[PDB]
Amino acid sequence: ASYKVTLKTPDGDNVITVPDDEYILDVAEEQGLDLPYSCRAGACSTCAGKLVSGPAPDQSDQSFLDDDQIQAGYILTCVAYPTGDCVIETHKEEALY
Ligand code: FES
């Protein structure tokens, strides 16, 4: 299955198609977007984004955000799979400090 993921970047909004078994960061980069990252292993906050609408992405592979933050919609985009059409704001790391 695939989903329409709207990424709202500081530069502009981009609607891309992401399959249910690929990570959002991976697919965004394939489409020419430049999103932040460092570890790419779910263990830091560099790739953080925030869910604006749509179902929550599958974060079973993330570990850095606290249960509280997954709670509130923060997403580690490097290890997040989409689970429905959704809109995510990227570059949100500063927001977690
Ligand atoms: S780049 Fe470290 S958690 Fe995604």
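The first residue of the sequence shown is numbered 1, and numbering continues consecutively from there. Atoms within a ligand are numbered from 1 in the order they appear, just like the ligands themselves. In what follows, every heavy atom counts, from backbone to side chain, and hydrogens, waters and symmetry copies are set aside.
Neither the backbone nor the side chain of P36 has any atom closer than 4.0 Å to an atom of ligand 1 (non-hydrogen atoms only).
Formation of a donor-acceptor pair under 3.5 Å by the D20 side chain with backbone atoms of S2 is not found in this model. In this structure, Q59 contributes its side chain and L76 its backbone to a donor-acceptor pair below 3.5 Å.
Per-residue contacts place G42 under 4.0 angstrom from the following atoms of ligand 1 (heavy atoms of the residue considered): 3 (S). Every atom of ligand 1 is numbered from 1 in the order shown, and the set under 4.0 Å from a heavy atom of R40 is 1 (S), 2 (Fe). Which parts of ligand 1 touch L76 is read off a 4.0 Å heavy-atom cut-off, strictly below it: atoms 3 (S). Listed by atom number, the atoms of ligand 1 under 4.0 Å from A43 heavy atoms are 3 (S). Every atom of ligand 1 is numbered from 1 in the order shown, and the set under 4.0 Å from a heavy atom of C78 is 1 (S), 3 (S), 4 (Fe).
No side-chain donor-acceptor contact under 3.5 Å links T90 and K8. Checking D58 against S60 by side-chain atom types alone, a donor-acceptor pair falls below 3.5 Å.
For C39, every N, O or S atom stays at 2.8 Å or more from atom 4 (Fe) of ligand 1. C47 lies apart from atom 2 (Fe) of ligand 1 in this respect, since none of its N, O or S atoms is found at a distance under 2.8 Å. Within the coordination shell of atom 2 (Fe) of ligand 1, defined by N, O or S atoms under 2.8 Å, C44 is present.
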I would like to know whether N14 and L33 meet side chain to side chain contact (heavy atoms under 4.5 Å, CB included); could you show each step before the answer?
CA-CA 9 Å; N14 297 96; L33 300 188; 3.9 Å; yes

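In this structure the side chain of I24 never reaches within 4.5 angstrom of the side chain of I16, judged on heavy atoms.
Dense packing is recorded around CG of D13, with more than 12 heavy atoms of other residues, nucleotides or ligands lying under 6.0 Å away.
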